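Order of the sequence lines fixes the chain letters, A, B, ..., with proteins taken first and strands second; residue numbering starts at 1 for each chain.
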Amino acid sequence: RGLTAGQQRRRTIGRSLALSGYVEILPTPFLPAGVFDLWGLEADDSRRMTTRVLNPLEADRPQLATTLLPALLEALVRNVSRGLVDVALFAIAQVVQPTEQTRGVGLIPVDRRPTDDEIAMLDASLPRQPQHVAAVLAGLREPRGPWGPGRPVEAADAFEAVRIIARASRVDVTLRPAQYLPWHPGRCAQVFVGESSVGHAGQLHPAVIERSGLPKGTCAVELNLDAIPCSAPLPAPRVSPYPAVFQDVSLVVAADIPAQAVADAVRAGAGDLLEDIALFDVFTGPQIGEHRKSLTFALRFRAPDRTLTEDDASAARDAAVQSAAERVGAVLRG
Amino acid sequence: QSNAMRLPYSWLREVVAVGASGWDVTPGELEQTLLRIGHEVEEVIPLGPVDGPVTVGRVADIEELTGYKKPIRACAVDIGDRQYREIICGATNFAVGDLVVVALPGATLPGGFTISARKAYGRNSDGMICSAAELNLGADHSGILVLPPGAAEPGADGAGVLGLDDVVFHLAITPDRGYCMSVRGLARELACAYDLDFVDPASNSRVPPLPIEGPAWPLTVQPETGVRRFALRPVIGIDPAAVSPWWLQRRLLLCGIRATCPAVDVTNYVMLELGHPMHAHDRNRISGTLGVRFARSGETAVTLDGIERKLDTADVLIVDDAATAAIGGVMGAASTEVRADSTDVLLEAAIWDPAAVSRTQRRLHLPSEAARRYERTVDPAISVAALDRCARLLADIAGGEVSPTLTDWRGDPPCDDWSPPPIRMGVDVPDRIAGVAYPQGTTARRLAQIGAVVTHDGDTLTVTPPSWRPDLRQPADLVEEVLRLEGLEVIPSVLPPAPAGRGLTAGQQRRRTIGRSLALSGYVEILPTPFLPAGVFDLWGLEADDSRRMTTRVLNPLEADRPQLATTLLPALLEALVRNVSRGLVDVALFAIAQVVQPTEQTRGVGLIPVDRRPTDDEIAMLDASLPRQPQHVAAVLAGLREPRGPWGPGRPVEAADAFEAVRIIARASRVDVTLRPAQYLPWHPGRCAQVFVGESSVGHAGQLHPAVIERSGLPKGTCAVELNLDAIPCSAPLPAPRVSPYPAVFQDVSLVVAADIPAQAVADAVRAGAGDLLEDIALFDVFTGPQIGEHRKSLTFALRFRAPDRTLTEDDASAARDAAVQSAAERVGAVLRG
Amino acid sequence: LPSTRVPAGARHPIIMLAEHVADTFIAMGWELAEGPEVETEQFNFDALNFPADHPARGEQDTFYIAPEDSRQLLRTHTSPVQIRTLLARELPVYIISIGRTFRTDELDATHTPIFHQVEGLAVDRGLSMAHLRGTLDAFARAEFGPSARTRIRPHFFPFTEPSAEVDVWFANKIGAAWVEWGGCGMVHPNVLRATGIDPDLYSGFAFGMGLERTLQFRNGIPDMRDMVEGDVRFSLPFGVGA
Amino acid sequence: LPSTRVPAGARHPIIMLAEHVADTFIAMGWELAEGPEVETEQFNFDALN
RNA sequence: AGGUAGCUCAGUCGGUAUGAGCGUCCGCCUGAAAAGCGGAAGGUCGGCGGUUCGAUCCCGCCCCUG
Ligand SMILES: N[C@@H](Cc1ccccc1)C(=O)O
Ligand SMILES: [K+]
Ligand SMILES: [K+]
Ligand SMILES: [Mg+2]
Ligand SMILES: [Mg+2]
Ligand SMILES: [Mg+2]
Ligand SMILES: [Mg+2]
Ligand SMILES: [Mg+2]
Ligand SMILES: [Mg+2]
Ligand SMILES: [Mg+2]
Ligand SMILES: [Mg+2]
């Protein structure tokens, strides 16, 4: 029957990250010594609950990884110390997360097939070993050349790696603000598919970067592939050939209102006539006022059965502005 | 529709019921049985229905209402028992004493049309006299329905006299079952499906042979024309006033034929019943001996429709001493056409060569009821049986005398057995092909049902198919008959084990990789049409001798102005680009992977190679070399913003370097190295155009399109394009073994001045050649012109990364390698160290 | 904030359907064969046992190539790859071929003059109709899910005897009914003869399905025009395809 | 002039070798099965005799 | 019956295209937009021919849609 959907998806994720500039590493499962203390994790952080090897090759590295980031950060430091300072790495590998239900099982007779409960009990006694995908970035994301001076790695680059993986998995994601070491508390997104959390992304905490000897501005992504449900969509797009109407709308909200929430409100009020919405400006200044920001979206309206009139588009736009007011307190720009 | 067969259920059941009394089946069950044995049922059309007072009437008087524009008449009609009604009608295809179908008020016609009393014009209209279309009986609405005289008496129920409880089946017959283009064939097929005894309506038990006491008309037949049988039988003293009865006109109508005179009605009726086309010649109009010969070089002839047609030396026709009588098996001439003037007719029963009729009817563009059946072979054994059936039915209707004389040409060496050669086949061969162990005797029984003589001899059957099945020639043909009658649903599902395959070829795998790589970089794949836009190469301003103008052309394109097959993928990509832009999607990146069509001087036709053997190796090489070159190309086009605007900034418009990068995306996906060299090549911009090389082989071009081309073609300004020949890119399977030194690197930059038209790649190659192995990386990051440089010059600054494989490289060793790089650039491109 | 500075593209849905079909058969040990779009009449018709001067051939919806006597055409089906493969390969043969085909049908919601077919061919010792059914069922189950069923009913093609048409049934359709899928049959002994193969030692089956038709009823695409006009709005919802 | 603003990355050579091996056996009708890295002695040793 | 500016349309009865709306460009407005005002650019009058000193206008043929 060929490859399973999960095997096919693992290939697609790696192809997609490699094409976008990421270099795959094979991550070692032996954590660096004291990594979670360098990260400043709490004592009860689930990542500290590690499976341990009795006879490791390095006596100070007996713990199996609960997360792929320390192996990726070790390979990043190796590249940087050899003079390759502009680096994007990724890994697709399982981790080891023991629970209280992780324990040893006595020898089962081998002169017959084990029973179904014996099989289940052997599987349940093993630590959880889910597939993760993770990536780290440092230095220039885009190199300098005859076109210009390039572009340094920023947290948006980690968020985009999330979307690269989401498109490759053919799922939709939302990114919500979050505070979760070792990420920077102001530059950190928790990643959701539906209402299920699947991982985190953003810039690493400056104090973690200092204690760990990492490049300044290092960014990172880690997602649990086993939490992303497999999908086989059957699209049937509507492709209207009637002309579109193009209008921009400029909206003022409080400075901590997420732009995605404003776009969702705009979309909800505009209705089916709205074919596309795109944010292209975020402005602050004395005209706007303290603690406020202005967002401007390009809107594209189109009807399925007719040449949409301007006034029909403007009525959909007005309903969009009204939904933004009700939902996020948006105010039309003057 | 040249494969259509329309017949009413009642007529079909009648023929089946002769050998199986009381056989009746729902239309839905019959539909499933016909599908199970291999006949497509396109539509099942139940007649009517009518509810309420629908009665046959008799028009008494026609007080024409003068003054109006259209002819409007008021009619007095008897609905039986002499209780008269007044109706207003507009039709004028009936006179006094005609039988009609009236729809009194309260009746409901198909569908949802209730008839009520209305005041139309100056009189009261109680009901209405109906047409065949309004009754859901026929397809004619130009005139109302006129039943023939004596079809019924006034007062009879309309649903009964018209047979509105009948159902009409419309079937699409496969071209191998021409015997099913008749009631005879389909009735036989049903008898096989239902295991019924079958009485052939063409057997002498059902059509008693008429006497043959002499020849009926002089006849000479050129045997090279392909005619297999030609028969003639006259009928003398027909009544020109008599019409065909209702049961015959109705059956003709339900099958899609409109009645005329009884002489032509019976020929169309026997053709429908038995499958043998039939033509009526006016015996009084035939002057001399009839001759079947080929047509001369310019001999023309008018058909019974009045149109003259230029014949060909391959057309077979019948001709007397006067002029041509008919185009054999296609259409008869107006010379010997039977009319209301005619009294004595001469019926012809002919079997024409199928290939000859097919050629002529297509070259002349008139498929007829006769030509469709001759194209698919007609049973040559029933010619006289259909001739006697036709003559006996004509006199029974036109009150004539069947002349007891008959001509029957059966070939220059006359033929008395029309059966195909016998076939030998193992008895279990159907079982092996089906994967099903059929019960004992199944093959022999099924093959007898279809009409074949079967003889046993141990494990071998000798099957002689009947004369109406010239398609049964090999054991495989007999297997189809057994399996389709037993039903294909009994065949089990057994997944065969295939050998260990080798997977995808390197070229198949590379086409996937290229597609994944361009899509991930933002390109959208289109399926490119091979029909070039009209005038494209003139819009491009190509020279007259440009190889892209040498195109293969299609004789029957869908758009008359687009017959040329594409030699380049770009016009189809640019057409899809214009379509997106005109729909408001102005920032577009498209690509396509598809073959082009490039004919050469060796592109030519190859005559038929015999198919009873494998073609020789030279014949294979002839065929292959005769086709136009069809290499695989990959191409892409871009317009608008390459990168969109967002909170990061204003975006970046498409530039030529985006086309150069698509080249490099393709090269990496192909795992080859490319070089881009300056070039001039329409439709590209001559200052922004690269030719792409792999080694020293050209594989295509890239860059920005020419501004003159863009304006002439209505393209967006700045449109860029790429086209590479994938077949010219050699497949590579490299096995890298990288040297990865862990020793520290030394980073130095060098600024070099060169002439302004020296390619930056040439400078970097010179720097690399002189630096040697210690150089690990070289990257250009600055291109500068300015007054501190001088005119006609430019300055290039490269970042260099040096590294040793066994030691911590010193700055002096690195500087020595850098000095050698600068010296190499001096000697090769004239570089001068920046001061 | 939006973060995609380089918007994703998209491989074409028909190309991706073709890739899924290819992978389905390669996973069963089959291989992928190829053939050109402009073809000889020798391979499009004559070696496939089409009669000359006969409605089975003349009423095909064929694009003929100039000059009048060229006997060249745009192939009307992928079945000439049967001939090319049997001439080029040693027996046994288990192959599919996916490529463009051309008929003189006007573009509307349910027809396109340019379409794709998948051709299947298996020639070996002892192959039967039951082996044809098994392959069709595996093909259906892989493209339509575990509930997929096939059914065959007799029909006609010059290059097969017996011939049949294939309907397919899958859940969450329409919610479920038989849809016409393609044609199949046992390879005609005249086809084997024309390729130098002994019909007394080898038998074979073949099949052919249109991909645009498959995509139309599997996905519920109303307008076949959207599959061929190159509008980016049609392709992008299907994803990158990597 | 150089044109690669987004330099290409790379899947790992061992992963690509693995993919070639996998594709080799799928093309032969075989399938690809999976197992955890932290395993029981029961399956690593005892049931393997 | 019609084809007239990049599109959608008035209008010109042999020698001045008399034009609108949209779109585009340019100002004002906005930090920048959309929208809104203000102004400008924009016309072998369907193609090939005839007639005429001269054809968008008359004559012939033909392409395009209802
Ligand atoms: N060539 C047939 C399909 C087919 C292929 C192979 C065998 C039988 C039928 C078609 O175009 O419809
Ligand atoms: K393509
Ligand atoms: K044809
Ligand atoms: Mg940001
Ligand atoms: Mg607007
Ligand atoms: Mg506007
Ligand atoms: Mg047959
Ligand atoms: Mg230095
Ligand atoms: Mg410089
Ligand atoms: Mg301002
Ligand atoms: Mg002006």
#### Entry: Per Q287(A) side chain, nearest of listed nucleotides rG31(E), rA32(E), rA34(E)
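Looking only at side-chain atoms, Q287(A) lies closest to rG31(E).
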
Ring centres of [N] and [M] closer than 5.5 Å, with planes less than 30° apart?
N	M	answer
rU12(E)	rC13(E)	no
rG50(E)	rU51(E)	yes
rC57(E)	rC58(E)	no
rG42(E)	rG43(E)	no
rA5(E)	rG6(E)	no

The sugar of [N]: north or south, by the sign of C1'-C2'-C3'-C4'?
N	result
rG14(E)	south
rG43(E)	north
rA33(E)	north
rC58(E)	north
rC22(E)	north

Integer angstrom distance from the [atom1] of [N] to that of [M]:
N	M	atom1	result
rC25(E)	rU52(E)	P	49 Å
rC29(E)	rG19(E)	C1'	30 Å
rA5(E)	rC63(E)	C1'	22 Å
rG39(E)	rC58(E)	P	37 Å
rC45(E)	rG15(E)	P	15 Å
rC53(E)	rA17(E)	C1'	23 Å
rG46(E)	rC37(E)	P	34 Å
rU18(E)	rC62(E)	P	34 Å

Among [options], which one satisfies side chain to side chain contact (heavy atoms under 4.5 Å, CB included) with [X]?
X	options	value
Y523(B)	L638(B), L590(B), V722(B)	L638(B)
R549(B)	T567(B), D538(B), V536(B)	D538(B)
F63(C)	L558(B), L555(B), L565(B)	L558(B)

Using Watson-Crick or G-U wobble geometry with both distances under 3.5 Å, which nucleotide pairs with [N]?
N	answer
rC57(E)	none
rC63(E)	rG3(E)
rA20(E)	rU8(E)
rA33(E)	none
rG50(E)	none
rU44(E)	none

### Task
Assess whether one donor atom and one acceptor atom, taken from the side chain of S250(A) and the base of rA32(E), lie less than 3.5 Å apart.
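For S250(A), whose side chain was compared with the base of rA32(E), there is a donor-acceptor pair (under 3.5 Å).
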
### Query
With a 3.5 Å cut-off and just heavy-atom distances, do the side chain of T296(A) and the base of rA32(E) make a donor-acceptor pair?
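Answer is yes: a donor-acceptor pair is held.
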
### Task
Would you please name every residue forming a side-chain hydrogen bond (donor to acceptor under 3.5 Å, both in side chains) with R562(B), sequence neighbours left out?
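Once residues adjacent in sequence are excluded, the partners of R562(B) under the side-chain hydrogen bond (donor to acceptor under 3.5 Å, both in side chains) criterion are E575(B).
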
Can you tell me the distance, in whole Å, between the [atom1] atom of [X] and the [atom2] atom of [N]?
X	N	atom1	atom2	answer
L251(A)	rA35(E)	CG	P	16 Å
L295(A)	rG31(E)	CG	P	17 Å
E310(A)	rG21(E)	CD	P	16 Å
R300(A)	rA33(E)	CZ	P	21 Å
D248(A)	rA34(E)	CG	P	6 Å
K293(A)	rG31(E)	NZ	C1'	17 Å
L299(A)	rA34(E)	CG	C1'	9 Å
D318(A)	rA35(E)	CG	P	14 Å

### Query
Across the strands shown, which category fits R317(A) at heavy-atom distances under 4.0 angstrom: base, sugar-phosphate, nothing?
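Counting heavy atoms under 4.0 Å across all strands, no contact is made by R317(A).
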
### Query
Is it the case that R5(D) places NZ or CZ above or below the six-membered ring of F660(B), under 6.0 angstrom from the centre and within 45 degrees of the axis?
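No, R5(D) does not lie over the aromatic ring of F660(B).
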
### Query
With a cut-off of under 6.0 Å to the ring centre and 45° to the axis, is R144(A) in cation-pi contact with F781(B)?
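Positive - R144(A) is close enough to the ring of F781(B) and near enough to its axis.
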
### Message
Tell me whether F283(A) and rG31(E) count as stacked here, given that the ring centres must be under 5.5 Å apart and the planes must differ by less than 30 degrees.
### Response
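Stack criterion met.
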
### Query
Closest heavy-atom contact between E661(B) and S3(D)?
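That would be OE1-OG, 2.8 Å.
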
### Task
Measure the CZ-OG1 distance between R167(A) and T4(C) for me, rounded to the nearest 0.5 Å.
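Between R167(A) CZ and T4(C) OG1, I get 4.5 Å after rounding to 0.5 Å.
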
#### Entry: For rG50(E), glycosidic torsion class - syn if within 90° of 0, otherwise anti
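Syn conformation for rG50(E).
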
